[PDB]
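Here the protein sequences line up with chains A and B, keeping their order. Residue numbering for the first sequence follows the working numbering, starting at 4 and increasing by one per position. Residue numbering for the second sequence follows the working numbering, starting at 34 and increasing by one per position.
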Amino acid sequence: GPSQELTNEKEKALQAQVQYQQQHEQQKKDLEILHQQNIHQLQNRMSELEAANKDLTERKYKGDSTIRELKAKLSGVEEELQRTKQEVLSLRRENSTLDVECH
Amino acid sequence: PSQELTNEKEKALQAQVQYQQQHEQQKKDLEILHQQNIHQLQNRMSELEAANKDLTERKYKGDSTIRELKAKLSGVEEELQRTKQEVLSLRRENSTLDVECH
Numbered sequence: 004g005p006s007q008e009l010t011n012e013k014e015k016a017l018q019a020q021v022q023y024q025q026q027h028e029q030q031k032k033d034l035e036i037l038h039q040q041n042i043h044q045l046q047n048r049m050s051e052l053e054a055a056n057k058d059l060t061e062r063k064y065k066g067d068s069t070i071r072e073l074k075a076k077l078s079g080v081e082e083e084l085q086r087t088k089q090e091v092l093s094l095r096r097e098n099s100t101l102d103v104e105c106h
Numbered sequence: 034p035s036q037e038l039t040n041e042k043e044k045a046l047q048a049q050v051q052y053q054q055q056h057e058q059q060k061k062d063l064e065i066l067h068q069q070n071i072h073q074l075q076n077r078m079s080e081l082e083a084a085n086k087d088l089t090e091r092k093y094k095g096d097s098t099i100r101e102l103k104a105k106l107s108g109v110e111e112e113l114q115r116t117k118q119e120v121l122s123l124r125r126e127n128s129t130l131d132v133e134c135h
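Encoded structure:
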């Protein structure tokens with residue numbers, strides 16, 4: 004068959020186009036898989052570092068409110084100390100005047 | 034008839050050349066995209082590392098400030114207790130002198 008040999012070549016060319024498309028799709032899939040393996044460890048270390056940062060930022064806010072409570076507590080005690088020291092001065096002054104009137 | 038056959042074999046050789054150029058071009062394009070993505074991930078990683086360094090430094094500063102405040106507060110509470118006992122002693126002296134006087 005002279006034309007049967009020609010029809011065989013046209014059949015072959017259609018089959019070769021199908022094979023090309025399959026090989027082009029397979030190369031894409033293989034490259035995406037290699038890519039995922041390349042970024043896997045880095046994506047995991049990134050998510051871990053974001054969560055550690057979220058926890059630290061949360062801890063920092065708690066630390067600020069603790070500092071605020073401590074400063075206000077300290078200011079109250081420093082003022083109380085001031086009014087007790089002045090009470091001592093007042094009492095020393097009173098004691099001296101009373102002591103001169105007996106002695 | 035034979036020239037038409039030689040034309041089909043010439044065409045098939047050309048289709049193979051094209052498929053090969055296309056296979057290479059898809060790989061190069063994917064590599065550019067993947068390299069771009071890797072650079073973005075690496076950049077985000079370096080900014081999370083810098084944010085973590087900054088947070089760890091703030092955590093040290095906050096915690097050390099808390100530690101200093103608690104120790105300062107204990108010192109003042111202790112000094113207050115001493116002064117309060119001095120007031121009690123002076124009020125006792127004031128009461129004994131006041132009874133001898135008025």
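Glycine is no exception: its CB is placed at the ideal position from the N, C-alpha and C atoms.
If we cut at 9 angstroms on Cβ distances, does residue i have a partner in chain A?
{"i": "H72(B)", "result": "no"}
{"i": "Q75(B)", "result": "yes"}
{"i": "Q36(B)", "result": "no"}
{"i": "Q55(B)", "result": "yes"}
Cβ of residue i less than 9 angstroms from any chain B Cβ?
{"i": "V21(A)", "result": "no"}
{"i": "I36(A)", "result": "no"}
{"i": "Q40(A)", "result": "no"}
{"i": "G4(A)", "result": "no"}
So, under 8 angstroms CB-CB, residue i and residue j are touching, yes? Tell me the CB distance rounded to an integer number of Å.
{"i": "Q30(A)", "j": "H56(B)", "result": "6 angstroms"}
{"i": "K76(A)", "j": "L113(B)", "result": "The pair is not a contact, with the Cβ atoms about 12 angstroms apart (cut-off 8 angstroms)."}
{"i": "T116(B)", "j": "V91(A)", "result": "7 angstroms"}
{"i": "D67(A)", "j": "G95(B)", "result": "7 angstroms"}
Counting Cβ pairs closer than 8 angstroms, one from the region 37 to 46 of chain B and one from the region 14 to 29 of chain A, do we hit at least three?
Judged by Cβ distances under 8 angstroms, the region 37 to 46 of chain B makes contact with the region 14 to 29 of chain A, as three or more pairs qualify.
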